[PDB]
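Chemist: Protein chains in written order, with PDB author numbering: chain A, 10 to 61, 80 to 412; chain B, 10 to 61, 80 to 412; chain C, 10 to 61, 80 to 412; chain D, 10 to 61, 80 to 412.
All C-beta atoms, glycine included, are put in the ideal place defined by N, C-alpha and C.
Structure below; questions to follow.
Next comes the structure, spelled out in structure tokens:
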């Protein structure tokens, strides 16, 4: 955190140079009661790289001012003292990586781009004020006029209240018209890309659901089941934000996928009265094999007397347990609990009727994987007997 | 439907405030013969949330006007009485969800965005009329001039007939030039996204078919078969709008996929003289196993004397039945009917020649799935004997 | 082809109305020596639909002019005689389908959109000329001025040389500023979509290859093999335009896929001295089982003395045949010919060394499919013995 | 490299014509002390095609000037001497292919498009200067004014300081307004496509990882494992730039995939004390079967006493070797080395505990492939005994 404070100090240093250097090139009446901050900030820029694509620090290192002021270089040649301002590309690419995951990275790119567009419109406005006719005017009313002019130019508005006069003004205006049109086109392109990728789980997710509403409106379905389907999609949004568990953690390797599934279902694979005291690898295998299913409120998951193969573990929702006639209530289950256990070791029919109560988010276990990783574990085969 | 009328009442209330508040900030000669609608609408905004991301109703609740009018707050400080207008973000996000599936959701987003762009251009025009030089002018000719100015600014047109005069006008014009350029760029980006996703089944579908026309034009094929292929693609558009049945209902879970297939093929799985009186689960299994195939008009589906494995159920088109010499016509089948039934229980060759008549949309049944879910059903094994 | 001439006649009729109706609404001095073409074109529009989403022909049918001219309807009410011009939407959707595959359909959409944008800018310019102050001016210099104005407006340029004067001009200018901004945004969105999907096999294909050049540049590979790989990608472009045979004809049904593969490899499955005299279905099965492989110039496909399983059929390139010591040349094969035939019936090792000569595009046959569809064909088992 | 110098000479020749021909059409006072470069450059254009979609060289070949100057052709008919400038399309499509892989091809398309947009804005400006009123003005102040005008037009800015005057100027301005709007829309579309495809491995890769951060932020995971996962994604970026080895070289054919894998893992498949002296084909088979796995720093790959099946070859990272009690350190392995060798020939349990040390990038070998291609190699079965 002392290099985070160092990055903050370096950003303040390069900001100071970005605000000062074009202001003392236009106004050479400055820089004289402000050289000490030039010395301190230059030492900061030359001492940052030991505490950290290479020529920005080297070009920022050399004293490109003080030469203008001791040798009185003319107007088109003094301007190379802005070479220190190439360092801002390096500080940009560093600040775009030092804090790239506390917040969204696209909002980071948009704020860095808006910063660069204002800070280059500043330099272009500074160039315009440099090649202006000399006249008495407050350097504020000449910042407001230069900035007003270069926004009239950058925003493709065009009042025409201030126009080029000399040919070398007309050439400077032509060239900054091309760069202004390029930069403003870049601004429109980056904003349309930043707002194109601004909603991802809710956009694609919505599209998916939508792809199913204009269809279920195509089949002319009754509105009760269609609203129930829509409330299903509302549930899976308002629980996992549209994302599928097995397609988020399919872009991971096997050890990392194992660690993520154990961390996600840690006190879940422990919710059970069944996997406690089991082996560590066994738990991983189980997780590497947990399958989620979702029952809406009131759905029949299991009817007592069916064939039945697989065991069910409740994770999030509730459920109720009914007898074979679905008249006598055995119990009512909730998250963390489990049913279908009398189907794995035995080819018996269902012993209780299982109606959903709310949306469930419940895990199921297939028979082949369970009896494969149960034959080799004796202690859970006794935990289940 | 009394909360749909409540949402309509709340939208009318927030619209009234959105039209009134900036009109009484600019013209303080109003609000005096119109306070009663302020009281009624404020009670509506403070009583809506009990009949329903939280600070909009709280900021809308407090009397931010009446303070301007009793204490005569100055021009840059009275303007905080527009804080009630942050409620419109909440009403926007509520009205974008209460009626999101009667119509397309993208047309909904486009209408909400156009509404927000006009209603913010209204506020910016109101700000311009606020910081204008005071002069005698009808408040209509000052709405037409303020709205004409702020559309000249928002539409990057730029006549230059009305320009800033004071420096604080030039700063206000600069800042609303940046916001106008941002909002107009946002308008172009959202319109290009709304018309990019405006045609989906006909765009992607067309592309797919196209990907096959520039290819079949690449192989230099005769036009008769290529037109027949194109009329095939015309048929599958003009029947199911390009969508594949099994990739629309593959984004559903198993119980929902079962319910949708039973609802789609309900009086289809009943069209048969074969699945009536069958089991409920059996029907589901059958559906969970129905496979669609499409024969164009005149195609040979079955020639009598072939080997033959699988049974065919007609769903939509017609077909004709010919004898083994394809000389003596047995019958002619239509939708709902079926052929190939003398191939599942027996390894006999075809008993009739089956020529298509129109485009068919016909269902077929593989042998392994059929004999697997037929061995365990005795009554359909007698229905088929 | 007499309905193609009818569509051409109808397009000429609706074009004539689209050029005439707004020209006689602005200039009522016309229409009097030109009623006969109105009668003929109206009969054409009312007789087209018998030789062919329904209300365009009905609204085009009724005499909405002649009422303006006999009853002298005022300026805001006469304008409903433009209702005939809604027919152009129907003619657009008909002409966008009658010739949708002689040329690309996207170039068709772009030309129809540019046509609609000019033809609506014509109507808006006509509206501007309608609500102009009456003054003496040639109707050409008033078309050039109205069209110049409405392009200055539609192209977000904004000279400001002609501006609204009356309030009802300012409202008309405001409303056509909103529509002009909407239409010009639509133009930018459709052009960016038309040029986004303009290159498909060469864009995606290039990307695929590229995804392999920045990688093979990542592994720091020697340039000879990388250039050979790139010339491989150049070959598969400059032969089949990037498209994979089995992913173009995987979006087809089985009978259509069989017909396309037989048509593609017709005198290919006949190139052989092996499938001639074979069964018709057998040929289809063979095709339904032909597998393409591509050997670059000089590659070793088979070395004599290897194990060898599968037979190879040359389709496009050349190859050479060497002895087991790769010293004595047996022969040299070309397209249409075949090797590896002494590996299917027998588990013998290679009998000749097969070096590629150019890029090959050669077909191979696996052993299980070949011996499965060879056991049931006796005549080819003798053709191969 | 003498045809690379020939392409450079031809580009210089066609550039000279592209700068000269519209300059001598506007100013006919030129061309007289500059005919020799016309003769030399015309000979270069007519002699290029022997040292190299056909009509550009033929249209460039004929003397379309000298006719203007000997017969004094009038203003709308002399202009066909610009027909030589169609050759630039051929030189464009040639220069877009002669150096398409030293640098990115998209940067090439962007530079060619910017070149074509400036070089056509030059011709349109030349047309404007052609149809101007004749007046005394330096041909520089008339290039700055014509170029300033045609950028005011091309950039949708619109000062309105110079406007059409005659009707044939208004028609020329209208037509170049349509082309300017089309070209500027094309510029915005190509820039948004060039910056849309500008980041591919880092964009898609980032998205993939992101698709896993907003999810692992969804499961509310502890930050230590999530940061470790993120540093995993940082490692696989900062090693292979996001690309998967087996999906880069899956778009290759089998001989090319074999050559690339042997070139990538050449002194890798030789790093081993195991595949040296093995067969050439065997090595290829091994490579055609090498599988990469990645262990983070500190992960347990193998615990001594586990079952164990497969052998591991270290490629990049480090690892350490521990005894069965994980108390006594056997050794510590690094890249190029290998473990798990006492699991292939034997069904013994692990003999040493293998903890990762850094991120590994290590290769593993499954048992079935290894014992399949080991049964048929006797010498490596002795190298491993």
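Are residue 25 of chain C and residue 112 of chain C close, meaning C-beta to C-beta below 8 Å?
Modeler: For the purposes of this step, residue 25 of chain C is taken as residue 16 along the third chain, with counting starting at 1. For the purposes of this step, residue 112 of chain C is taken as residue 85 along the third chain, with counting starting at 1. Their beta carbons are not under 8 Å apart, which means residue 25 of chain C does not touch residue 112 of chain C by this criterion.
Chemist: Tell me which residues of the segment 184-215 of chain A have at least one Cβ-Cβ distance to chain C shorter than 7 Å, keeping chain order.
Modeler: 185
Chemist: Cβ closer than 7 Å: which chain D residues qualify as neighbours of residue 286 of chain A?
Modeler: Here residue 286 of chain A corresponds to residue number 259 of the first chain, with the count starting at 1. The contacting residues are 252.
Chemist: Since residue 283 of chain B meets chain E, which of its residues come closer than 8 Å, beta carbon to beta carbon?
Modeler: This model lacks chain E altogether; the protein chains it does include are A, B, C and D.
Chemist: In the DSSP output, what is residue 381 of chain A paired with across the bridge?
Modeler: Residue mapping note: residue 381 of chain A aligns to position 354 of the first chain, counting from 1. Its beta-bridge partners are A/329 and A/348.
Chemist: Output, in chain order, the set of chain B residues within a Cβ distance shorter than 9 Å of residue 246 of chain A.
Modeler: Here residue 246 of chain A refers to the residue found at position 219 when the first chain is read from its first residue. In chain order: 287, 290 and 291.
Chemist: Of all the alpha helix (DSSP H) runs that stay within the bounds of the segment 86-160 of chain C, which reach a length of 4 or more residues?
Modeler: 94-98, 102-105, 114-125 and 132-157
Chemist: Give the range of the beta strand (DSSP E) segment to which residue 319 of chain C is assigned.
Modeler: For this step, residue 319 of chain C is matched to residue 292 along the third chain. Element bounds for residue 319 of chain C: 318-320.
Chemist: What residue does the beta strand (DSSP E) around residue 391 of chain C start on, and which one ends it?
Modeler: The sequence position of residue 391 of chain C within the third chain is 364, counting from 1. First-last of the beta strand (DSSP E) with residue 391 of chain C: 389-392.
Chemist: Counting C-beta neighbours from all protein chains within 10 Å, is the total for residue 8 of chain A 16 or more, i.e. buried, or is it exposed?
Modeler: The structure shown does not extend to residue 8 of chain A, since chain A is modelled only from 10 to 412, so the question has no answer here.
Chemist: Should residue 364 of chain A go down as buried or exposed, given a rule of 16 or more other Cβ atoms within 10 Å for buried?
Modeler: Walking along the first chain from the start, residue 364 of chain A turns up at place 337. Buried, since its Cβ has 16 or more Cβ neighbours within 10 Å.
Chemist: Tell me, which residues are paired with residue 60 of chain C by DSSP?
Modeler: Here the question's residue 60 of chain C lines up with position 51 in the third chain. According to DSSP, residue 60 of chain C bridges with nothing at all.
Chemist: Considering only residues of the same chain and omitting the five flanking positions on each side of residue 295 of chain A, which have a CB-CB separation below 7 Å?
Modeler: For this step, residue 295 of chain A is matched to residue 268 along the first chain. Hits under 7 Å: 342.
Chemist: How would you call residue 98 of chain C, buried or exposed, if buried means at least 16 neighbouring beta carbons within 10 angstroms?
Modeler: In the third chain, the residue the question calls residue 98 of chain C occupies position 71. Result: exposed.
Chemist: Which word fits residue 277 of chain B, buried or exposed, when buried means at least 16 other C-beta atoms lie within 10 angstroms of its C-beta?
Modeler: One-based indexing of the second chain puts residue 277 of chain B at position 250. Residue 277 of chain B comes out exposed.
Chemist: Say whether chain B places a C-beta atom closer than 8 Å to the C-beta of residue 72 of chain C.
Modeler: It's not possible to place residue 72 of chain C here, given that chain C moves directly from 61 to 80.
Chemist: Output the boundary residues of the beta strand (DSSP E) element that contains residue 356 of chain A.
Modeler: Stepping through the first chain from its first residue, residue 356 of chain A is reached at position 329. It spans 356-360 - the beta strand (DSSP E) in which residue 356 of chain A sits, taken as one unbroken run.
Chemist: Within 10 angstroms of the Cβ of residue 346 of chain D, are there 16 or more other Cβ atoms? Answer buried if so, exposed if not.
Modeler: Residue numbering aside, residue 346 of chain D sits at position 319 when the fourth chain is read from its first letter. With 16 or more Cβ atoms within 10 Å of its Cβ, residue 346 of chain D is classed as buried.
Chemist: Tell me residue 338 of chain C's beta-bridge partners as DSSP assigns them.
Modeler: Residue numbering aside, residue 338 of chain C sits at position 311 when the third chain is read from its first letter. Per DSSP, C/392.
Chemist: Using only the alpha-carbon positions, how far apart do residue 245 of chain C and residue 129 of chain D sit?
Modeler: Here residue 245 of chain C refers to the residue found at position 218 of the third chain. Here residue 129 of chain D refers to the residue found at position 102 of the fourth chain. C-alpha separation (whole angstroms): 14 Å.
Chemist: Please say whether residue 114 of chain C and residue 83 of chain C have beta carbons closer to each other than 8 Å?
Modeler: As a working mapping, residue 83 of chain C is identified with position 56 in the third chain. As a working mapping, residue 114 of chain C is identified with position 87 in the third chain. It is a contact, given that the beta carbons lie within the stated cut-off.
Chemist: Mind pulling the chain B residues with CB within less than 7 Å of residue 270 of chain C?
Modeler: The residue you call residue 270 of chain C lines up with position 243 of the third chain. Per Cβ cutoff of 7 Å: 242.
Chemist: Counting only beta-carbon separations shorter than 8 Å, does residue 275 of chain B have a partner in chain A?
Modeler: The residue labelled residue 275 of chain B in the question sits at position 248 within the second chain. Residue 275 of chain B counts as touching chain A.
Chemist: Quick one, are the C-beta atoms of residue 180 of chain D and residue 207 of chain D less than 8 Å apart?
Modeler: Residue numbering aside, residue 180 of chain D sits at position 153 when the fourth chain is read from its first letter. Residue numbering aside, residue 207 of chain D sits at position 180 when the fourth chain is read from its first letter. Note that the C-beta distance between residue 180 of chain D and residue 207 of chain D is below 8 Å.
Chemist: Using a Cβ cut-off of 8 Å (strictly closer), state whether residue 278 of chain B contacts chain A.
Modeler: Numbered from 1 along the second chain, position 251 holds the residue referred to as residue 278 of chain B. Yes - at least one Cβ of chain A is within 8 Å of the one on residue 278 of chain B.
Chemist: Inspect the CB distances between the segment 303-314 of chain C and the segment 387-405 of chain C and report whether three or more fall short of 8 Å.
Modeler: yes
Chemist: Quick check: the Cα distance between residue 57 of chain D and residue 226 of chain C, rounded to an integer number of angstroms?
Modeler: For the purposes of this step, residue 57 of chain D is taken as the residue at position 48 of the fourth chain. For the purposes of this step, residue 226 of chain C is taken as the residue at position 199 of the third chain. If you take the alpha carbons of residue 57 of chain D and residue 226 of chain C, they lie about 30 Å apart.
Chemist: So, does the segment 133-149 of chain A touch the segment 38-51 of chain A, judging by three or more C-beta pairs under 8 Å?
Modeler: No, the segment 133-149 of chain A does not touch the segment 38-51 of chain A.
Chemist: Which partner residues does residue 366 of chain B have in the DSSP bridge list?
Modeler: Counting from 1 along the second chain, the entry for residue 366 of chain B is found at position 339. BP columns for residue 366 of chain B point to B/339.
Chemist: Since residue 305 of chain D and residue 411 of chain D are thought to touch, with beta carbons under 8 Å apart, how far apart are those beta carbons, to the nearest angstrom?
Modeler: In the fourth chain, counting from the first residue as 1, residue 305 of chain D sits at position 278. In the fourth chain, counting from the first residue as 1, residue 411 of chain D sits at position 384. Contact between residue 305 of chain D and residue 411 of chain D fails: their C-beta atoms lie close to 11 Å from each other, not under 8 Å.
Chemist: How far does the alpha helix (DSSP H) with residue 270 of chain C in it extend, from its first residue to its last?
Modeler: Residue mapping note: residue 270 of chain C aligns to position 243 of the third chain, counting from 1. Where residue 270 of chain C is concerned, there is no enclosing alpha helix (DSSP H), given that its DSSP letter is neither H nor E.
Chemist: From which residue to which residue does the alpha helix (DSSP H) around residue 288 of chain D run?
Modeler: Counting from 1 along the fourth chain, the entry for residue 288 of chain D is found at position 261. Here the alpha helix (DSSP H) through residue 288 of chain D covers 281-291.
Chemist: Among the residues of its own chain, which have a CB less than 6 Å from the CB of residue 157 of chain D, if the five just before and after it don't count?
Modeler: The residue labelled residue 157 of chain D in the question sits at position 130 within the fourth chain. Correct list, in chain order: 35.
Chemist: Using a beta-carbon distance below 8 Å, is residue 370 of chain B in contact with chain A?
Modeler: Position 343 of the second chain, counting from 1, holds the residue named residue 370 of chain B. Chain A, which has no Cβ nearer than 8 Å to the Cβ of residue 370 of chain B, makes this no.
Chemist: So, at 6 Å on beta carbons, what are the nonlocal neighbours of residue 362 of chain A in its own chain, with the 5 sequence-adjacent residues on each side left out?
Modeler: As a first step, residue 362 of chain A is located in the first chain; it is residue number 335 there, counting from the start. 341, 342 and 343.
Chemist: Is the segment 118-133 of chain B close to the segment 145-156 of chain B, with three or more CB pairs under 8 Å?
Modeler: No, they do not touch.
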